[PDB]
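Here it is: the structure, laid out below.
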2 protein chains.
Amino acid sequence: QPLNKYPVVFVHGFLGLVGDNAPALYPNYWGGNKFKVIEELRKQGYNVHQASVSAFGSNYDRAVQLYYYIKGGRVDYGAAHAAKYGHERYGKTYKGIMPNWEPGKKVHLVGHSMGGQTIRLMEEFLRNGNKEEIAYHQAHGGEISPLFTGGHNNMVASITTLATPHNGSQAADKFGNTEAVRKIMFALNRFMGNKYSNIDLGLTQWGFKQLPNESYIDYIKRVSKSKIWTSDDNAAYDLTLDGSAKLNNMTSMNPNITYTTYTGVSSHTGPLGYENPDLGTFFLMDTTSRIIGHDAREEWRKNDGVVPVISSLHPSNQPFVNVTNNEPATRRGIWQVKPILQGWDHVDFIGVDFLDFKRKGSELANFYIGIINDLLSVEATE
Amino acid sequence: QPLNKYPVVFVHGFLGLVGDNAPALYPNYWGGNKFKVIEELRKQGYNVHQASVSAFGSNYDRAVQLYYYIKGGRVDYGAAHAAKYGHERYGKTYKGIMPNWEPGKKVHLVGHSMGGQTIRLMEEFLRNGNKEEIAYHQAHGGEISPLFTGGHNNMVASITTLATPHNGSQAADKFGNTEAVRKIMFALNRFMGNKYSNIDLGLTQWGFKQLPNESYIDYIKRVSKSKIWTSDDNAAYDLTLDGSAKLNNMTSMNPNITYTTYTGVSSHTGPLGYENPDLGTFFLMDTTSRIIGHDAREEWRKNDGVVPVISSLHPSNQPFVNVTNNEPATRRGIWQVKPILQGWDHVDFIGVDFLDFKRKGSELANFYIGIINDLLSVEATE
Ligand SMILES: CCCCCCCCCCCCCCCC(=O)O
Ligand SMILES: CCCCCCCCCCCC(=O)O
Ligand SMILES: CCCCCCCCCCCC(=O)O
Ligand SMILES: CCCCCCCCCCCC(=O)O
Ligand SMILES: CCCCCCCC(=O)O
Ligand SMILES: CCCCCCCC(=O)O
Ligand SMILES: CCCCCC(=O)O
Ligand SMILES: CCCCCC(=O)O
Ligand SMILES: [Ca+2]
Ligand SMILES: [Ca+2]
């Protein structure tokens, strides 16, 4: 007797930390102080959860971790993957939200931004398996995680994405996947691995956890040899146009799943055809909104501060249909693209823009009730 | 050599730290990143300076410090005033920007916010002295600062005020000045008086400097005895309606000085006649805007975030004329009131609102050059 038959799992994006893993003073990811998504939907009789997965890691690593967060158990990235990229095979161990998750017992998945790519990858592994792992365990025996087997169906009812960079973002390509910024991010991760740190930024599999008796000097020296510094097995790569197109090229539609996208615009056309961020765009996205909005290709300009619209609407090589706000969003197997939220930047989707008074709590509450209602109607039309 | 014959001294208000007295990471007071007032005006040929005076102290302690900042020497707050409020007589010693300042060598005074009040009190001391010190020195001998003796004129060419609370602000009466908030400010002052601190928040004359060999516990006990905790000789008091009316009542017009005010509004009328902050009001003033905006007296409602329009246009019941932006602002002895700058909040005057992209550097630049233009007019017409 929750009102939804299937548990709802909200999956954060690229930078986010949740629950026990957030620093001392740090915004609440799912709703900021505008609408406490988890707490308020629960007060309403819904069974909902926020996943906690790697903040800086690849979609791959995140999809595996999402699997273990739902099922419970010790993260297994796969032998073949671990050896090819140069990081640990085994990771955190999760309590598990639905230990009985299996064909027939389903979950709804909602992902903000990179969360939406993560969800699509995890589901691809459940349905189709991972060819490199099946081959290797056949070549080398031992174990293979049931995440990599293939043949798992009827496990996810829905995949809904909010401001997801399905075709990547120039803010990754031109900033950020660049070498200087990857170093900044990896240095942060090294520092947050220190022996006084209680928080996990998601790259401990590459060596970034200082041992209780290791000096910080020996720590620096050891971790400067990790392959993280030059690998593509990280978020910044995956959020690039190439990195996201690679994910599109190996995913496909499950005809049994309900697909739906939401997209925000927070830029406006300037006298030359370029896009500039609206007053109101959370200010940390000002430069990235300009870089996107000055693209040479006109259709790659309109953006939500960090993801252009042509990237959020749907993966470019996958089937989609434009839907009105009033249509039940209840077609299976095709991306149902919601009308664009005017004025919503990338973080207004999760209510942490505490400086934008145009975007209020009661608006954000209607937006999330609206998604639960669509999910209730997936349940009813099955 | 300089294009202005008389030096310009800019004087910061209540919370302001400038120059080498600002923390490692901290906005530049005079112009933010939008228009670097001191540096650009020097490039363009003007002789200008940024005074450095107590950030938390009374207009009285600040006016004394302004005089020594200009003239040079060791700050003497006056024996009668030290004995009456229970703080040290002698404070910091300044090098002096114009060691030769005396009748005949004038200076232009430009005050932001509380700086406007500080500057009127200083002029008042030059012309009329300070009667309690004159009386004290008469009765007890000793020495008396020449700041307190009176009869020093032709030292100030102009007084210009930006968003100065000439008539006080309800943001002081109702918050900040309240007990709970003075404790906060005094605790910050105690903290930054610690023996590792290189920044002076302007209350060390009340005992807030930890000795090199004094423990933190001892420092706490010693200073918990200071009168600062219950005194009115501080900024929060002086910014209230009563504390600014006390200063109005002891000041008078000087018929040789050119007086000019600017004022901003950043609030808009609600359907009940109340004022709420516009979007773009620097966010830290949203609450103080609402407090001012919801006053019982309608003419006290319009505001710049923290100062009501009525407090900023001119001291009440001192003579004033409304002036245009075009006409010469060259009248003597009379507050010239500049038209209210629409959309400018209290901190847009000094360009530190890095969140508000409506207020451009080119605009802030034009605004300060227009002040300098006026000051050149003052010089040309004397
Ligand atoms: C100048 C005073 C500022 C206070 C204005 C009331 C604003 C309410 C907002 C509450 C949260 C902000 C302060 C908490 C500090 C923090 O979270 O780091
Ligand atoms: C927001 C604070 C930024 C401080 C900059 C220091 C950067 C140095 C790289 C540090 C690497 C490490 O400590 O492991
Ligand atoms: C944003 C930092 C505020 C932290 C709260 C500490 C308040 C304690 C009062 C401190 C007094 C002192 O340190 O002398
Ligand atoms: C950065 C804070 C400065 C404190 C230095 C003063 C040292 C004296 C210690 C008194 C004992 C205590 O600190 O609790
Ligand atoms: C001293 C605390 C530092 C925490 C860094 C958080 C970065 C992130 O949000 O992913
Ligand atoms: C630990 C850093 C303290 C900064 C004090 C800032 C107060 C002020 O602006 O007057
Ligand atoms: C540093 C604060 C991060 C908030 C989460 C996000 O921006 O997606
Ligand atoms: C801390 C707020 C004090 C408000 C008075 C003013 O700045 O004009
Ligand atoms: Ca916004
Ligand atoms: Ca502003």
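Could you give each residue of the range A:22-30 its phi-based ³J(HN,Hα) in whole Hz, using Karplus coefficients 6.51, -1.76, 1.60 with θ = phi - 60°, and x for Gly or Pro?
9, x, 2, 10, 5, x, 6, 4, 8
HN-Hα J couplings of the range A:6-18 from phi, Karplus 6.51/-1.76/1.60, θ = phi - 60°, integer Hz, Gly and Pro as x?
So the J values, rounded to whole Hz, are 9, x, 9, 10, 8, 10, 5, x, 4, 9, x, 10, 9.
For the range B:169-177, what does the Karplus curve 6.51 cos²θ - 1.76 cosθ + 1.60, with θ = phi - 60°, yield as ³J(HN,Hα) per residue in whole Hz, taken in order and with x for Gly and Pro?
8, 5, 5, 7, 3, 9, 5, x, 7
From Cα coordinates alone, what are the radius of gyration and Dmax values for chain B in angstrom?
When restricted to Cα atoms, chain B yields Rg and Dmax of 20.2, 63 Å.
What residues qualify as long-range amide H neighbours of A:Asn234, i.e. H under 5 Å apart, gap of 5 or more or another chain, H built at 1.01 Å from N?
Here the answer is A:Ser58, since their amide H atoms fall under 5 Å of that of A:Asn234.
Before anything else, pin down the relative contact order of chain B: Cα pairs under 8 Å, at least 6 apart, normalised by residue count, whole percent.
Values: 801 pairs, mean separation 72.5, N = 382.
19 percent.
Let me ask something additional. Counting each DSSP H run of 4 or more residues in the protein assembly as shown as -39500 (n - 2.57), what helix-only mean residue ellipticity at 222 nm follows after dividing by all residues, to the nearest 500 deg cm²/dmol?
Result for the protein assembly as shown: -9500 deg cm²/dmol, rounded to the nearest 500.
Shifting gears a bit: In nm², what is the average projected area of the convex hull enclosing the Cα atoms of the protein assembly as shown? Let's see the in-between values first.
On the way: hull surface 158.9 nm².
Averaged projected hull area, Cα only: 39.7 nm².
What nm distances, shortest first, do you get from the label point of B:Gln342 to those in the other copies when the point sits 7 angstrom along Cα to Cβ?
2.4
Additional query: Can you put B:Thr287, A:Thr160 in order of Cβ neighbours within 10 angstrom, beginning with the fewest?
So the ranking, lowest neighbour count to highest, is B:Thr287, A:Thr160.
Would you mind computing, in nm to one decimal, how far apart the modelled labels at B:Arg332 and B:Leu15 are, each placed 7 Å from Cα along Cα→Cβ?
4.1
Further, regarding this structure: Go through B:138-146, B:10-18 and give me the packing order, highest mean Cβ count within 10 Å leading. Numbers along the way, then the final one.
Numbers: B:138-146: 12.3, B:10-18: 23.4.
Ranked by mean Cβ neighbours within 10 Å, highest first: B:10-18, B:138-146.
Also, quick follow-up: Which far-off residues, 5 or more places away or on another chain, put their amide H under 5 Å from the one on A:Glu102, with H placed in the peptide plane?
Answer set, sorted by chain and number: none.
Another question about this same structure. For B:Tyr94, what residues show an amide H to amide H distance below 5 Å, using hydrogens built from the backbone and excluding near sequence neighbours?
Excluding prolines and chain starts, which carry no amide H, the hits are B:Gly73, B:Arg74, B:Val75.
Here's something else I'd like to know. Using the number of other C-beta atoms within 10 angstrom as an exposure proxy, rank B:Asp218, A:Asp374, A:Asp20 with the fewest first.
In increasing order of surrounding Cβ atoms, one gets A:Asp20, B:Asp218, A:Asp374.
Now for a separate question. I need the peptides B:297-305, B:207-215 ranked by packing, meaning the mean over residues of other C-beta atoms within 10 angstrom, with the highest value on top.
B:297-305, B:207-215
How far apart, in nm, are the 7 Å Cα→Cβ label points at A:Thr149 and B:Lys174?
6.6
What translational D, rounded to a whole number of µm²/s, comes out for the range A:17-94 from Stokes-Einstein when the hydrodynamic radius is the Kirkwood one over Cα pairs, at 10 °C and 1.306 mPa s?
111
Counting DSSP beta bridges with both partners in chain B, what percentage is antiparallel, nearest 5?
Within chain B, antiparallel bridges account for around 25 percent of the total.
Using only atoms on other chains, find how many Cβ atoms lie within 10 Å of each Cβ of peptide A:349-357 and report the average.
2
Continuing with the same structure: How far is A:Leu355 from itself in the other copies, in nm, if each label sits 7 Å out from Cα along the Cα-Cβ line, shortest first?
Nearest first, the other copies' label points are 0.6 nm away.
If the label for A:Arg42 sits 7 angstrom from Cα along the Cα-to-Cβ line, what are its distances to the same label in every other copy, in nm to one decimal, shortest first?
Computed spacing set for this position: 5.8 nm.
Note that we place each Cβ from the backbone using ideal geometry, even for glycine, and neighbour counts take in every protein chain shown. Bear in mind that the values in this text are calculations on the coordinates, not laboratory data.
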